[PDB]
Each structure stands twice: as C-alpha cells, then as structure tokens.
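For reference, the chains in residue letters:
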Protein chains: 2
Amino acid sequence: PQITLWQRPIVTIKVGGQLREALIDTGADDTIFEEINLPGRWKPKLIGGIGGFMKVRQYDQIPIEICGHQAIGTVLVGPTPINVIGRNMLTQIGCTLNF
Amino acid sequence: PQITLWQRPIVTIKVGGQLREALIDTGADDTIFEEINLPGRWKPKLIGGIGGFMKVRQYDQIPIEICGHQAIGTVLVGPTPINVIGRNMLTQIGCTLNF
Ligand SMILES: CC(C)CN(C[C@@H](O)[C@H](Cc1ccccc1)NC(=O)O[C@H]1[C@H]2CO[C@H]3OC[C@@H]1[C@H]3C2)S(=O)(=O)c1ccc2nc(NC3CC3)sc2c1
C-alpha cells in the first residue's frame, strides 16, 4: 500500500515461522530482528548505529513475508530496540519513497 | 521525486545557512545532524538507537530545506554516523512509502 509517516511505519511480517511487527526503515541497509529463532548456521557480525555498535548473528537466505509480499535475504538477529526491515528486503518488495 | 532503495536515499539539504547531505530515514522519529552550527538556545537530550544511547543538543523551530522543500522543526545535533532526516520533517514535505 501507500504508507504515510505521521506514525511509525510498522508492518506485520512472518519470518522463521513466527509472526512479528517491524518498522519499514529506509535508513537501514540491513534487516534486524530481536528475539527470533532462526534455523541453521550463522556468522557473528558487529554493526554500527546511533549510540555505537552491537553484536548480531547473521543468517543468510532467510525467507520473509513483509505485509503479504515474499522476499528472501540476510536477516540479522540481535538486541535491537525495534525490529527493522532494511533496504536489502525493501528493494525486493518494490518499496519506494515519494514526495 | 520518487526515490528507489537500491542505494542509500541521500539528499541535499540546507540548514543553518550550511549545506549537508542526509539520509531520508523512515525509521527515525527525529532529525539528527553531526557537526552543524545552529544559533540560539538548546537543551541536552539523550536518544537511543542501535548500540545504545547518545547525547545530543536539541534545537527547536529550525528552518530546513530538504531536496528543495521548505520545513521547520526540531533538529538534534550530535555524533551520529550519518545525518538523518526523520519523520518530524518528512511529514512536512509530503514524503510517503509506496509498495
Ligand atoms: C542510525 C541509522 C543510520 C541506521 N539505523 C536505522 C534507523 O532507522 C534506526 C532504526 C531504530 C529505531 C529505534 C531504535 C533502534 C533503531 N533509527 C534510530 O536509531 O532512531 C533513533 C533516534 C532517532 O529519533 C528516534 O527514532 C528511533 C530512535 C529515536 C532517536 S540502525 O538501526 O542503527 C541500522 C539498521 C540496519 C543496518 N544495517 C547495516 N548494515 C551494515 C552497513 C553494512 S548498519 C545498520 C544500522
């Protein structure tokens, strides 16, 4: 759909067989969830934001459904304050900015 | 214009008489710049992100030009890794998400 920005642009997602809410985040290169349980092998990764860096687990080739749209890609798991859908997934569902 | 997300959605802004580049950031409630010199009174503020909290100066009712569009609002100044235009300004210029 079209989403205005008067409120946080939060959408419902399905990942790893679990349901979560996440922020559509154009300022995020990558996609980050707190407290999901994904299968398989992962790589430790350090990522930087406001306030410094945080350690995450990097999982590759993870299917995700984002407001009804299917995608597959890297998902980072770590102690983010809010789950974020970043550009690596937003490009797959055709998300654009308009003004 | 329309902006796709294959690259970071960086735009040119004018604020405090200075020219900067900034990321259009739908995941940001507020607007944050590193190293700009704004006039007048400010109040200290702590804000949270990935990796923890950071101290910023909060300046209110600051005029800003964002890719040619005029707005006025709160601008935070502090050691962010990249300048971000958040929803407090994006709503003023009519920015929306589309997919
Ligand atoms: C900082 C920004 C440049 C990047 N971020 C995305 C932002 O959209 C972030 C989302 C968020 C919201 C809430 C809490 C935590 C985070 N927003 C934020 O921190 O906003 C803050 C402050 C601003 O106003 C209020 O609104 C929310 C609060 C609050 C005060 S990220 O998460 O660090 C981030 C995300 C993905 C990512 N991928 C990388 N890959 C590597 C490169 C190859 S690096 C990387 C960094």
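Residues numbered from 1 in each chain as written, not as in the entry; some residues may be left out. Chains lettered and ligands numbered in written order. Heavy atoms only, no water. Residues with missing side-chain atoms left out of burial classes, pairs and counts.

For this coordinate set, the PDB header names X-ray crystallography as the determination method and states a resolution of 1.700 Å.

Caption draft 1: Representation of the interface of chain A and chain B. Contact residues are listed per partner, giving 37 residues for chain A and 37 residues for chain B. When chain A packs against chain B, the two sides together hide about 3,600 Å² of surface, and 62% of this comes from carbon and sulfur. Looking only at chain A, the three residues that lose the most surface to chain B are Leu 5, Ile 50 and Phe 99 of chain A, adding up to 27% of its buried area. Note that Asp 29 of chain B is salt-bridged to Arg 8 of chain A, the shortest N-O span being 2.8 Å. (Contact = heavy atoms within 4.5 Å. Buried area = accessible area lost by both parts, 1.4 Å probe. Salt bridge = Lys/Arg side-chain N within 4 Å of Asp/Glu carboxyl O.)

Caption draft 2: The arrangement of the pattern of salt bridges in detail. Under the criterion given, the structure shown has 5 salt bridges over all chains. Residue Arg 87 of chain A pairs with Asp 29 of chain A through a salt bridge whose shortest N-O separation is 2.8 Å. A residue pair is termed long-range when its members are at least 10 positions apart, and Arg 87 of chain A in helix α1 (residues 87–90) and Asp 29 of chain A in the loop between β3 (18–24) and β4 (32–33) qualify at 58 residues. Judged by its relative accessible area of 29%, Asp 29 of chain A is partly exposed. Through salt bridges with shared partners, one network takes in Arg 8 of chain A together with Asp 29 and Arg 87 of chain B. (Helix = DSSP H or I, 4+ residues; strand = E, 2+ residues; numbered from the N terminus. Buried < 20%, exposed > 50% of the residue type's maximum accessible area, 1.4 Å probe, protein only.)

Caption draft 3: Inspection of the environment of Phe 33 of chain B at higher detail. Residues and elements named next belong to chain B. Among the structural elements, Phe 33 can be located in strand β4 (residues 32–33). The spatial distance from the C-alpha of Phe 33 to the C-alpha of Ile 85 is 8.5 Å, given a sequence separation of 52 residues. Those residues within four positions of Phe 33 in sequence are excluded, and the remaining contacts are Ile 13, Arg 20, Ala 22, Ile 64, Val 75, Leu 76, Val 77, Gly 78, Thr 80, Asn 83 and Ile 85.

Caption draft 4: Up close: the site of the ligand. The environment of the ligand is formed by 22 residues, the closest being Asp 25, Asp 29 and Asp 30 of chain A together with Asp 29 and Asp 30 of chain B. Residue neighbours of the ligand fall on chains A and B, so the site bridges chains. Within the side chain of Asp 25 of chain B, an N or O atom sits 3.1 Å from an oxygen atom of the ligand. Measuring from a nitrogen atom of the ligand, one finds a backbone N or O atom of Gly 27 of chain B at 3.3 Å. Listing elements by their share of the shell around the ligand, those giving two or more residues are β5 (43–49) of chain A together with β5 (43–49) of chain B. No other element matches the 3 residues that β5 of chain B contributes to the shell around the ligand. Taken together, the residues that form the shell around the ligand break down as 10 nonpolar, 6 polar and 6 charged. (Near = heavy atom within 4 Å. Polar contact = N/O pair within 3.5 Å; in protein donor to acceptor, adjacent residues only side chain to side chain. Nonpolar A, V, L, I, M, F, W, Y, C, P; charged D, E, K, R; others polar.)

Caption draft 5: Region of interest: the side chain of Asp 25 of chain A. Along the chain, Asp 25 of chain A turns up in the loop between β3 and β4. Within the local environment of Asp 25 of chain A, its side chain forms a polar contact with the backbone nitrogen of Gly 27 of chain B, the two atoms lying 3.2 Å apart. With near-sequence residues (within four places) excluded, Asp 25 of chain A lies in contact with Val 84, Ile 85, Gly 86 and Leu 90 of chain A together with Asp 25, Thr 26 and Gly 27 of chain B.

Caption draft 6: Layout of the relation of the copies chain A and chain B. Of the transformation placing chain A onto chain B, the axial shift is 0.0 Å and the rotation is 180°, giving an RMSD of 0.1 Å. In the structure described here, the two chain copies are related by an operation that fits a two-fold rotation axis. (Least-squares fit on C-alpha atoms.)

Caption draft 7: Seen up close, the sheet that holds strand β1 (residues 2–3) of chain A. Spatially, 4 strands are ordered β1(A)-β9(B)-β9(A)-β1(B) in an open sheet, and the strand pairing comes out antiparallel. Each end of this open sheet is capped by a strand with a single partner; those strands are β1 of chain A together with β1 (2–3) of chain B. Here 2 bridges tie strand β9 (residues 96–98) of chain A to β1 of chain B, and the two strands are oriented antiparallel to one another. Bridged to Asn 98 of chain A within β1 of chain B is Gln 2 of chain B. (Pairing = 2+ DSSP bridges.)

Caption draft 8: Focus on the side chain of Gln 58 of chain A. Residue and element names in this part refer to chain A. In this structure, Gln 58 sits in strand β6 (residues 52–66). Overall, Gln 58 belongs to the buried group, its relative accessible area being 10%. Looking at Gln 58, its side chain comes within polar contact range of the side chain of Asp 60, at 3.0 Å. Excluding residues within four positions of it along the chain, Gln 58 makes contact with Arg 41, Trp 42, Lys 43, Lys 45, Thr 74, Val 75 and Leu 76.

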